[PDB]
Structure formats: structure tokens, C-alpha cells
file entry.cif (mmCIF, C-alpha atoms and all ligand atoms)
data_query
#
loop_
_atom_site.label_atom_id
_atom_site.label_comp_id
_atom_site.auth_asym_id
_atom_site.auth_seq_id
_atom_site.Cartn_x
_atom_site.Cartn_y
_atom_site.Cartn_z
CA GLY G 31 -53.83 -1.21 29.33
CA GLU G 32 -51.53 1.34 31.09
CA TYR G 33 -49.60 2.41 27.91
CA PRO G 34 -51.79 4.79 25.85
CA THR G 35 -53.11 3.06 22.71
CA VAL G 36 -53.66 4.73 19.32
CA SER G 37 -57.42 4.43 20.24
CA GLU G 38 -57.28 6.63 23.43
CA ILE G 39 -55.49 9.79 22.06
CA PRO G 40 -57.73 12.30 20.20
CA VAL G 41 -56.59 14.54 17.27
CA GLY G 42 -53.74 16.89 18.35
CA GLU G 43 -53.43 15.54 21.95
CA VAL G 44 -50.19 14.10 23.44
CA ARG G 45 -49.83 11.59 26.32
CA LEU G 46 -46.72 11.14 28.49
CA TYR G 47 -45.85 7.69 29.94
CA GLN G 48 -43.27 7.47 32.77
CA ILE G 49 -41.14 4.36 31.87
CA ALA G 50 -38.65 4.88 34.74
CA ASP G 51 -37.20 7.63 37.02
CA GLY G 52 -36.56 10.68 34.77
CA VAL G 53 -37.56 8.82 31.54
CA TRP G 54 -40.91 9.25 29.72
CA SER G 55 -42.22 8.32 26.30
CA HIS G 56 -44.43 10.84 24.47
CA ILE G 57 -47.31 9.39 22.41
CA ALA G 58 -49.21 11.26 19.66
CA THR G 59 -51.40 10.24 16.69
CA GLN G 60 -52.07 11.30 13.09
CA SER G 61 -54.28 10.13 10.21
CA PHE G 62 -52.03 8.81 7.39
CA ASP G 63 -53.21 7.22 4.10
CA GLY G 64 -56.68 6.49 5.60
CA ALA G 65 -55.63 4.98 9.01
CA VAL G 66 -54.77 6.45 12.45
CA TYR G 67 -51.26 5.60 13.75
CA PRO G 68 -49.60 6.28 17.11
CA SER G 69 -46.00 7.59 17.28
CA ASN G 70 -43.55 7.49 20.25
CA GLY G 71 -40.65 9.70 21.25
CA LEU G 72 -38.65 10.00 24.49
CA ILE G 73 -38.06 12.59 27.25
CA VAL G 74 -34.95 12.24 29.47
CA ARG G 75 -34.38 14.46 32.54
CA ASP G 76 -30.97 16.22 32.17
CA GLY G 77 -30.41 17.79 35.63
CA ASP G 78 -33.09 20.54 35.86
CA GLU G 79 -33.46 20.51 32.01
CA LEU G 80 -35.06 17.97 29.60
CA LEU G 81 -33.63 16.21 26.55
CA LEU G 82 -36.30 15.46 23.91
CA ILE G 83 -35.96 12.51 21.50
CA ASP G 84 -38.05 13.14 18.31
CA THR G 85 -40.94 15.51 17.63
CA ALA G 86 -44.57 14.39 18.19
CA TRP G 87 -45.15 14.07 14.39
CA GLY G 88 -46.10 17.53 13.06
CA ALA G 89 -46.27 21.13 14.33
CA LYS G 90 -49.72 20.87 16.08
CA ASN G 91 -48.76 17.67 17.99
CA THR G 92 -45.32 19.19 18.84
CA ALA G 93 -46.95 22.35 20.32
CA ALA G 94 -49.25 20.05 22.39
CA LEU G 95 -46.17 18.02 23.46
CA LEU G 96 -44.44 21.15 24.84
CA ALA G 97 -47.66 22.11 26.73
CA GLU G 98 -48.03 18.54 28.16
CA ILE G 99 -44.33 18.61 29.26
CA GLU G 100 -44.89 22.02 30.98
CA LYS G 101 -48.07 20.68 32.72
CA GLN G 102 -46.75 17.24 33.86
CA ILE G 103 -42.96 17.88 34.32
CA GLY G 104 -42.46 21.71 34.28
CA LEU G 105 -38.73 21.70 33.36
CA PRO G 106 -37.43 23.34 30.15
CA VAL G 107 -36.68 21.28 27.02
CA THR G 108 -33.19 22.61 26.09
CA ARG G 109 -32.12 20.07 23.40
CA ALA G 110 -33.88 17.69 20.98
CA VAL G 111 -32.43 14.84 18.88
CA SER G 112 -34.28 13.56 15.78
CA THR G 113 -33.55 9.84 15.18
CA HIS G 114 -34.16 9.98 11.36
CA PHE G 115 -35.41 12.34 8.65
CA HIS G 116 -39.12 11.27 8.48
CA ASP G 117 -41.99 13.60 9.48
CA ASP G 118 -42.72 11.61 12.74
CA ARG G 119 -39.15 12.55 13.87
CA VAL G 120 -38.52 16.10 12.45
CA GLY G 121 -42.09 17.38 11.82
CA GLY G 122 -42.32 20.09 14.50
CA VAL G 123 -38.57 20.97 14.61
CA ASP G 124 -39.51 24.61 13.73
CA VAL G 125 -41.95 24.68 16.75
CA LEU G 126 -39.07 23.42 18.96
CA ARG G 127 -36.61 25.99 17.48
CA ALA G 128 -39.11 28.89 18.03
CA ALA G 129 -39.39 27.76 21.72
CA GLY G 130 -35.57 28.06 22.10
CA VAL G 131 -34.86 24.28 21.89
CA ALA G 132 -31.49 23.42 20.30
CA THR G 133 -32.43 20.82 17.64
CA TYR G 134 -29.88 18.14 16.66
CA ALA G 135 -29.57 15.38 14.04
CA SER G 136 -26.76 13.56 12.23
CA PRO G 137 -25.49 15.17 9.00
CA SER G 138 -27.04 12.05 7.30
CA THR G 139 -30.50 12.94 8.74
CA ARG G 140 -30.05 16.68 7.87
CA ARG G 141 -29.02 15.79 4.25
CA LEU G 142 -32.02 13.45 3.75
CA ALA G 143 -34.53 15.87 5.41
CA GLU G 144 -33.45 18.67 2.99
CA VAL G 145 -33.85 16.30 -0.06
CA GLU G 146 -37.34 15.18 1.19
CA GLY G 147 -38.58 18.74 1.99
CA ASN G 148 -38.89 17.88 5.73
CA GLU G 149 -37.84 20.22 8.61
CA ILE G 150 -34.03 20.29 9.25
CA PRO G 151 -32.64 20.22 12.81
CA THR G 152 -30.12 23.09 13.27
CA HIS G 153 -27.15 21.34 15.01
CA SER G 154 -25.12 18.38 13.62
CA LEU G 155 -24.24 15.20 15.63
CA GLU G 156 -20.66 14.17 14.65
CA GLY G 157 -19.22 10.67 15.11
CA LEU G 158 -22.27 8.57 14.02
CA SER G 159 -21.67 8.06 10.24
CA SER G 160 -20.24 4.46 10.53
CA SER G 161 -22.29 1.36 11.57
CA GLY G 162 -21.54 0.61 15.26
CA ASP G 163 -20.63 4.26 16.10
CA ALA G 164 -21.76 5.50 19.57
CA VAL G 165 -21.48 9.00 21.11
CA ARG G 166 -22.61 10.35 24.48
CA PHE G 167 -25.28 13.08 24.49
CA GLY G 168 -25.72 14.08 28.13
CA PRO G 169 -27.89 11.45 29.89
CA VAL G 170 -28.16 9.22 26.75
CA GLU G 171 -25.91 7.34 24.36
CA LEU G 172 -26.68 7.72 20.63
CA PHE G 173 -25.97 4.66 18.46
CA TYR G 174 -25.96 4.27 14.66
CA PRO G 175 -26.63 0.54 14.11
CA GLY G 176 -26.46 0.74 10.30
CA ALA G 177 -29.16 1.17 7.66
CA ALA G 178 -32.50 -0.41 8.64
CA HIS G 179 -35.90 1.38 8.57
CA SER G 180 -33.85 4.25 7.01
CA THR G 181 -30.16 4.75 6.15
CA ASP G 182 -29.85 7.40 8.96
CA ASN G 183 -31.85 5.72 11.78
CA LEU G 184 -30.37 6.19 15.29
CA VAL G 185 -31.24 4.41 18.53
CA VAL G 186 -31.00 6.05 21.95
CA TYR G 187 -30.00 4.33 25.22
CA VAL G 188 -30.62 5.77 28.73
CA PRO G 189 -28.01 3.99 30.87
CA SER G 190 -29.48 5.16 34.25
CA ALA G 191 -32.81 3.45 33.40
CA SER G 192 -31.78 0.61 30.97
CA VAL G 193 -34.27 2.10 28.43
CA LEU G 194 -33.52 1.48 24.71
CA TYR G 195 -35.43 3.81 22.35
CA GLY G 196 -35.35 1.76 19.09
CA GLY G 197 -37.38 4.27 17.05
CA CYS G 198 -38.70 3.14 13.66
CA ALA G 199 -35.96 0.47 13.20
CA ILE G 200 -37.92 -1.55 15.87
CA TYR G 201 -41.56 -2.75 15.44
CA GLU G 202 -44.09 -3.36 18.23
CA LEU G 203 -45.24 -7.00 18.63
CA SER G 204 -48.77 -6.21 17.27
CA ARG G 205 -47.17 -5.21 13.91
CA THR G 206 -46.80 -8.52 11.99
CA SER G 207 -46.23 -6.94 8.51
CA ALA G 208 -43.89 -4.15 7.25
CA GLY G 209 -44.64 -0.47 7.98
CA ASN G 210 -43.30 2.28 5.67
CA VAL G 211 -40.25 0.63 4.00
CA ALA G 212 -39.91 3.11 1.06
CA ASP G 213 -36.58 4.35 2.53
CA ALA G 214 -35.55 1.04 4.20
CA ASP G 215 -32.49 -1.17 3.57
CA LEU G 216 -34.18 -4.61 3.82
CA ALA G 217 -30.86 -6.39 3.03
CA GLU G 218 -29.06 -4.74 6.01
CA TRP G 219 -31.93 -4.29 8.51
CA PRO G 220 -31.45 -7.64 10.35
CA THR G 221 -27.63 -7.07 10.52
CA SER G 222 -28.30 -3.58 11.98
CA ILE G 223 -30.72 -5.06 14.59
CA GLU G 224 -28.03 -7.61 15.62
CA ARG G 225 -25.63 -4.64 16.21
CA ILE G 226 -28.26 -3.15 18.62
CA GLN G 227 -28.58 -6.53 20.45
CA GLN G 228 -24.76 -6.81 20.77
CA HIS G 229 -24.36 -3.16 22.00
CA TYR G 230 -27.29 -3.04 24.52
CA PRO G 231 -27.84 -6.65 25.74
CA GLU G 232 -28.61 -5.21 29.25
CA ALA G 233 -31.65 -3.19 27.98
CA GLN G 234 -34.81 -3.76 30.15
CA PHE G 235 -37.31 -1.55 28.22
CA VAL G 236 -37.42 -1.26 24.41
CA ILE G 237 -39.55 1.54 22.85
CA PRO G 238 -40.50 1.19 19.16
CA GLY G 239 -41.17 4.20 16.89
CA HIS G 240 -44.89 3.26 16.81
CA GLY G 241 -46.91 1.32 19.41
CA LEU G 242 -46.40 -0.58 22.65
CA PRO G 243 -43.05 -0.94 24.44
CA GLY G 244 -41.59 -4.35 25.34
CA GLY G 245 -38.19 -5.90 26.05
CA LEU G 246 -35.29 -6.94 23.78
CA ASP G 247 -37.79 -9.52 22.31
CA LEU G 248 -38.93 -6.62 20.04
CA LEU G 249 -35.56 -6.96 18.22
CA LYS G 250 -36.15 -10.64 17.30
CA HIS G 251 -39.80 -9.78 16.50
CA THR G 252 -38.66 -7.05 14.06
CA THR G 253 -36.08 -9.40 12.44
CA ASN G 254 -38.91 -11.99 11.95
CA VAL G 255 -41.20 -9.37 10.30
CA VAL G 256 -38.42 -7.86 8.11
CA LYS G 257 -37.31 -11.38 6.94
CA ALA G 258 -40.95 -12.34 6.12
CA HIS G 259 -41.34 -9.07 4.15
CA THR G 260 -38.02 -9.73 2.34
CA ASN G 261 -39.39 -13.17 1.27
CA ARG G 262 -42.75 -11.74 -0.05
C1 LIG G 301 -46.72 2.67 9.16
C2 LIG G 301 -46.16 3.31 10.41
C3 LIG G 301 -45.43 4.58 10.00
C4 LIG G 301 -44.00 4.69 9.75
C5 LIG G 301 -42.99 3.65 10.01
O1 LIG G 301 -43.08 2.45 9.52
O2 LIG G 301 -42.09 3.94 10.79
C6 LIG G 301 -43.77 6.08 9.43
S1 LIG G 301 -42.32 6.70 8.93
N1 LIG G 301 -41.27 6.92 10.14
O3 LIG G 301 -42.51 7.96 8.25
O4 LIG G 301 -41.78 5.68 8.10
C7 LIG G 301 -45.07 6.74 9.36
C8 LIG G 301 -45.36 8.19 9.06
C9 LIG G 301 -46.06 8.44 7.76
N2 LIG G 301 -45.97 5.80 9.74
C10 LIG G 301 -47.44 6.05 9.87
ZN ZN G 302 -39.45 6.61 9.45
ZN ZN G 303 -27.96 26.32 18.80
ZN ZN G 304 -41.93 5.83 11.92
#
call {"tool": "encode", "arguments": {"input": "entry.cif", "output": "C-alpha cells", "more": "lines below"}}
Ligand SMILES: CCc1c(C(=O)O)c(S(N)(=O)=O)c(CC)n1C
Ligand SMILES: [Zn+2]
Ligand SMILES: [Zn+2]
Ligand SMILES: [Zn+2]
result
Amino acid sequence: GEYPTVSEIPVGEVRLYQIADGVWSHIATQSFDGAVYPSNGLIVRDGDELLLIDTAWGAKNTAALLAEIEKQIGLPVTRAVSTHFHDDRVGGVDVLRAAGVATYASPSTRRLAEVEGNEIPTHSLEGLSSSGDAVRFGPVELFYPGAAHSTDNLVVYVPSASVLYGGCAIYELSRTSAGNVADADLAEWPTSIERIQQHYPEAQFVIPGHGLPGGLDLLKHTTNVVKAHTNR
């Protein structure tokens, strides 16, 4: 097992995993509701700077993330994008802001984070409010596939590396029942996944919000799990 598993990462530690040239995932863990879960984000080299996708789920993990990036990569994180309003995506935004990172999210994500009492990224990403909308953000494309895991969920594509960061709209294969669906749109989630398939059919690596990467098979896997949950 080369990809770090929830079992191998102690409290408040962060692993990096090089997926491709100038693309890493970051992996952290927290206790939640009596179980330990892993959580993924992304790091994309942006010349001699780094673009961060998502916090490492809380302030302590996010401080450890910045220290791991300095140790293993040693280039400054200048911008971060949060892919939805939940604490595994925005928890630690204030740590990033204090370290001089420009934090970004859609106005949808910023609105929902403020309602929830979660940390609010400073900068707004325009042009992502309609299903199927894509915008460039330096070395990535940001895509709003429609409501799925959350109404605001974004996916991130790294064209140089054919890496699709699905975030929490995409489940790892080992997840065969629904995760947190309190904020989900079950009715639209499969339609939103099909938009991802149609936009990024060339993707070679697919990174879920939680757990092990795979290929585009994770999209069909997630549709299967969401449909089974719908039919509960
Ligand atoms: C069950 C895995 C999970 C999810 C999920 O299904 O994505 C989230 S989230 N992004 O807040 O919904 C969390 C954080 C509490 N956890 C532990
Ligand atoms: Zn979430
Ligand atoms: Zn700024
Ligand atoms: Zn999540």
C-alpha cells in the first residue's frame, strides 16, 4: 500500500503523495462521531509557487500541512481553493490567511460557510454558479458539475497531469454506503457525476474527498452507492 491509509497517519500529522510531476495529494485524519476518517486535498505546482486545493481538515492539521509542504517541496503556497463549505475543505482557512495565502471559494461556498459557522475564504471565484460552468485557475480548471455531495461542490482538473480531484462528490471504492449526506442533493448527484464524466473523459487519476485514488471508475462507483442510498 503506497497511498497512505487512514491507519498510518497519527493525530495531527499530514502525508503528501506525489500523483504526477508537480501534483501531490495531502492526506490528514480526524476523529469524527466515534470513528477516524482520512481526508484528501491537492497541491499543484504553479511555476515557483504552489496552489493548494482544500485545507487539511482543521487548524492543527492545516498548520502541519504547511510544515510538510515546506519540508518536502519548499515552495510558497500563494493561493488556496476550497471545493465546498464543509470543515474538511475550509477548516484551517484562517491558518492559511495568517501565512499570507490568498484563500478562494465560490460565492455559493462563502454563503454556506457563513450560515454554518465555518471559516470563510476571503476571495470569490466568479463564473461557477451554473451546472457545467468551468473557469481556469492557473494550472487547474475549476468545474461546477451541479449539486451532489453539497450544492456548492467543485471539482478540480490538472490538465498537465490528467488528474481529476473529485472531492467529496466522489467516493473511494472501499466506501459502499453513503458518507455525510446531510447537505447532499441525492436527486441530482448522479446527473452531476455524469457532467464530470462528459467534461473530463481523458482523466487518468481520480482523487476522492476521503480515501484511496483510482480512475474514472470511481464516478460509476459513486453513482452505484448514491442510487443504492436513494433506494434505502
Ligand atoms: C463520512 C466521511 C466524511 C464526509 C463526507 O462524506 O464527505 C465529511 S463532510 N465533507 O463534512 O461531509 C466529513 C467531515 C465531518 N466526513 C468524516
Ligand atoms: Zn463535505
Ligand atoms: Zn487577497
Ligand atoms: Zn468530505
call {"tool": "residues_around", "arguments": {"input": "entry.cif", "residues": "range 199-213 of chain G", "least_positions_apart": "2", "cutoff": "6 Å", "atoms": "only C-alpha atoms", "output": "PyMOL selection string"}}
result
chain G and resi 178-180+196-197+238+241-242+252+255
call {"tool": "residues_near_point", "arguments": {"input": "entry.cif", "point": "(-18.0, 1.2, 9.4)", "cutoff": "12 Å", "atoms": "all atoms listed in the file", "output": "compact mmCIF listing (two decimals) with C-alpha atoms, in the coordinates of the input"}}
result
# COMPACT_ATOMS: atom_id res chain seq x y z
CA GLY G 157 -19.22 10.67 15.11
CA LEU G 158 -22.27 8.57 14.02
CA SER G 159 -21.67 8.06 10.24
CA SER G 160 -20.24 4.46 10.53
CA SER G 161 -22.29 1.36 11.57
CA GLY G 162 -21.54 0.61 15.26
CA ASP G 163 -20.63 4.26 16.10
CA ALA G 164 -21.76 5.50 19.57
CA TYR G 174 -25.96 4.27 14.66
CA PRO G 175 -26.63 0.54 14.11
CA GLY G 176 -26.46 0.74 10.30
CA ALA G 177 -29.16 1.17 7.66
CA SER G 222 -28.30 -3.58 11.98
CA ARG G 225 -25.63 -4.64 16.21
call {"tool": "residues_near_ligand", "arguments": {"input": "entry.cif", "ligand": "ligand ZN 304 (chain G)", "cutoff": "6 Å", "atoms": "all atoms listed in the file", "output": "PyMOL selection string"}}
result
chain G and resi 118+198+239
call {"tool": "closest_residue", "arguments": {"input": "entry.cif", "among": "G:127, G:90, G:116, G:166", "to": "residue 144 in chain G", "atoms": "all atoms listed in the file"}}
result
G:116
call {"tool": "atom_distance", "arguments": {"input": "entry.cif", "atom1": "CA of residue 141 in chain G", "atom2": "CA of residue 256 in chain G"}}
result
25.7 Å
call {"tool": "atom_distance", "arguments": {"input": "entry.cif", "atom1": "CA of residue 123 in chain G", "atom2": "CA of residue 71 in chain G"}}
result
13.2 Å
call {"tool": "residues_around", "arguments": {"input": "entry.cif", "residues": "residue 99 in chain G", "least_positions_apart": "4", "cutoff": "10 Å", "atoms": "all atoms listed in the file", "output": "tab-separated table (two decimals) with C-alpha atoms, keeping the file's coordinate frame"}}
result
chain	number	residue	atom	x	y	z
G	44	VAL	CA	-50.19	14.10	23.44
G	45	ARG	CA	-49.83	11.59	26.32
G	46	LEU	CA	-46.72	11.14	28.49
G	54	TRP	CA	-40.91	9.25	29.72
G	56	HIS	CA	-44.43	10.84	24.47
G	73	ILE	CA	-38.06	12.59	27.25
G	80	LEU	CA	-35.06	17.97	29.60
G	94	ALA	CA	-49.25	20.05	22.39
G	95	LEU	CA	-46.17	18.02	23.46
G	103	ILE	CA	-42.96	17.88	34.32
G	104	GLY	CA	-42.46	21.71	34.28
G	105	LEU	CA	-38.73	21.70	33.36
G	106	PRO	CA	-37.43	23.34	30.15
G	107	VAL	CA	-36.68	21.28	27.02
call {"tool": "atom_distance", "arguments": {"input": "entry.cif", "atom1": "atom ZN of ligand ZN 303 (chain G)", "atom2": "CA of residue 110 in chain G"}}
result
10.7 Å
call {"tool": "closest_residue", "arguments": {"input": "entry.cif", "among": "G:153, G:240, G:262, G:257", "to": "residue 58 in chain G", "atoms": "all atoms listed in the file"}}
result
G:240
call {"tool": "closest_residue", "arguments": {"input": "entry.cif", "among": "G:259, G:251, G:109, G:114", "to": "residue 137 in chain G", "atoms": "only C-alpha atoms"}}
result
G:114
call {"tool": "residues_near_ligand", "arguments": {"input": "entry.cif", "ligand": "ligand ZN 303 (chain G)", "cutoff": "10 Å", "atoms": "all atoms listed in the file", "output": "PyMOL selection string"}}
result
chain G and resi 108-109+127+130-134+151-154
call {"tool": "residues_around", "arguments": {"input": "entry.cif", "residues": "residue 120 in chain G", "least_positions_apart": "2", "cutoff": "7 Å", "atoms": "only C-alpha atoms", "output": "JSON, numbers by chain"}}
result
{"G": [84, 85, 112, 115, 116, 117, 118, 122, 123, 148, 149, 150]}
call {"tool": "closest_residue", "arguments": {"input": "entry.cif", "among": "G:69, G:61, G:92, G:102", "to": "residue 48 in chain G", "atoms": "only C-alpha atoms"}}
result
G:102
call {"tool": "closest_residue", "arguments": {"input": "entry.cif", "among": "G:167, G:87, G:187, G:230", "to": "ligand LIG 301 (chain G)", "atoms": "all atoms listed in the file"}}
result
G:87
call {"tool": "closest_residue", "arguments": {"input": "entry.cif", "among": "G:52, G:121, G:34, G:40", "to": "ligand ZN 302 (chain G)", "atoms": "all atoms listed in the file"}}
result
G:121
